[PDB]
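So the structure is just underneath, and the comments pick up after that.
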Amino acid sequence: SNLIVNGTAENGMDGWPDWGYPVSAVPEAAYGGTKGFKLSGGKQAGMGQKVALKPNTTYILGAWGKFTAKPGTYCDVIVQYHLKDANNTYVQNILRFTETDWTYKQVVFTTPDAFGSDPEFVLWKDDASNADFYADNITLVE
Ligand SMILES: [Ca+2]
């Protein structure tokens, strides 16, 4: 059971709030199925959704990703939340992609005993070079 809605782009951009960035669900970006997510070159771009994480629970976050040509910087896949501690610590669980062939990355993390902010998944492309980024099969599972 994937906590991310439509992590495969098989339902287009459905389940993903429009943040106004150049993110499309298109055949050229597919790792599998009929579509993948394409984050346009030339601009920073991201999308995300709130994720219903449980406390003291272990999760695996994974995704396939590639740039179409060598980028200036990177694109991150992140699950993030604040702790409910005195310092109000911000936790980012991050996969950082810079590669130009399809590359699978994953991170295993265990959630704290309480959240200080609503957990979110975020895909964020810092890079604004000419290369497009393709993301597909984005997965967050207990
Ligand atoms: Ca797909």
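We use all heavy atoms of the structure for the numbers below, so side chains are in, but hydrogens, waters and symmetry mates are not. Residues take their numbers from the sequence shown, with the count starting at 1.
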**Study point:** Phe67 side, atom CZ; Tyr74 side, atom OH - distance, nearest 0.5 Å
**Key:** 10.0 Å
Exercise for review: For the pair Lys35 and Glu10, find out whether any cationic side-chain nitrogen is under 4.0 Å from an anionic carboxylate oxygen.
Suggested key: no
Check your understanding: Could you walk me through whether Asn93 and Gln80 pass the side-chain contact (heavy atoms from CB on, under 4.5 Å) check?
Key -> CA-CA 6 Å; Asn93 302 289; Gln80 50 190 24; over 6 Å; no
Review point. How many angstroms lie between atom CG of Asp132 and atom OG of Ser24, to the nearest 0.5 angstrom?
Key: 8.5 Å
Study note, to complete from the structure: Closest non-hydrogen atoms of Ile4 and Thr139, given as atom of the first, atom of the second and distance, are CG1-C, 4.3 Å
Point to revise | Ion pair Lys70/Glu99, N-O distance below 4.0 Å | key: no
Practice item. Run through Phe133, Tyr104, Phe37 and flag the one making a ring-ring contact (aromatic ring centres under 6.0 Å, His included) with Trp64. Key: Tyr104
Practice item. Mind checking the OG1-CD spacing from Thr111 to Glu142? Nearest 0.5 Å is all I need. Key: 8.5 Å
Point to revise | Heavy-atom donor-acceptor pair, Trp124 side chain to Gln44 backbone, under 3.5 Å | key: no
Check your understanding: Do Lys105's NZ or CZ and the ring of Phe97 fall within the cation-pi criteria of under 6.0 Å and 45°?
Key -> yes
Exercise for review: Rounded to the nearest 0.5 Å, what's the gap from OH on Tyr90 to OG on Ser117? Could you check?
Suggested key: 6.5 Å
Revision key, fill the gap. The side chain to side chain contact (heavy atoms under 4.5 Å, CB included) partner of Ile78 among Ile94, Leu95, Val107 is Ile94
**Study point:** Co-membership, hydrophobic cluster, residues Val77 and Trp19, 4.5 Å side-chain
**Key:** yes
Check your understanding: Would you find more than 12 non-hydrogen atoms of other residues, nucleotides or ligands less than 6.0 Å from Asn88 atom CG?
Key -> yes
Review point. Is it the case that more than 12 heavy atoms not belonging to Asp14 sit under 6.0 Å from its CG atom?
Key: yes
Exercise for review: Would you indicate whether the side-chain heavy atoms of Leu53 and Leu140 approach each other to under 4.5 Å?
Suggested key: yes
Review point. Between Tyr21 and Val26, is there a shared hydrophobic cluster once you connect ILVMFWY residues whose side-chain heavy atoms come closer than 4.5 Å?
Key: no
Review point. Can you find a pair of side-chain heavy atoms, one from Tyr31 and one from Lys66, that are under 4.5 Å apart?
Key: no
**Study point:** Min side-chain heavy-atom separation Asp136-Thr8 under 4.5 Å
**Key:** yes
Practice item. Write down the atom of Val23, the atom of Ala45, and the distance for their closest heavy-atom approach. Key: CG2-CB, 4.3 Å
Review point. Which heavy atom of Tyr134 sits nearest a heavy atom of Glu28, and at what distance?
Key: OH-OE1, 2.5 Å
Study note, to complete from the structure: Distance col, row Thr68:OG1 vs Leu39:CG, nearest 0.5 angstrom, shows 11.5 Å
Check your understanding: Would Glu120 and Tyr81 count as a side-chain contact (heavy atoms from CB on, under 4.5 Å) if you check the C-alpha gap in whole Å, the side-chain angles of each, and the deciding distance to 0.1 Å?
Key -> CA-CA 7 Å; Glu120 304 171 348; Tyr81 41 85; over 6 Å; no
Review point. Do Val108 and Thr58 come within less than 4.5 Å of each other through their side chains, counting heavy atoms only?
Key: yes
Revision key, fill the gap. Nearest heavy-atom contact between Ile138 and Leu123 is CD1-CD2, 4.3 Å
Check your understanding: Would you say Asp126 has more than 12 foreign heavy atoms packed within less than 6.0 Å of its CG?
Key -> yes
Study note, to complete from the structure: Rounded to the nearest 0.5 angstrom, the CD1-CD distance for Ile60 and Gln106 is 6.0 Å
Exercise for review: For the residue pair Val91 and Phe109, establish whether any side-chain heavy-atom pair is separated by less than 4.5 Å.
Suggested key: no
Exercise for review: Could you tell me which non-hydrogen atom of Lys125 sits nearest to which non-hydrogen atom of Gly41, and how far apart they are?
Suggested key: NZ-CA, 4.0 Å
Revision key, fill the gap. What one should report as the nearest heavy-atom pair of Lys54 and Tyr59 is N-OH, 2.7 Å
Practice item. Might you work through the side-chain contact (heavy atoms from CB on, under 4.5 Å) test for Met13 and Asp18, ending with a clear yes or no? Key: CA-CA 8 Å; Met13 291 309 297; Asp18 185 9; over 6 Å; no
**Study point:** Any donor-acceptor pair under 3.5 Å from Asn87 side chain to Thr89 backbone
**Key:** no
Practice item. Measure from the side-chain N and O atoms of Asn11 to the backbone N and O of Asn6, and report whether any donor-acceptor pair falls under 3.5 Å. Key: no
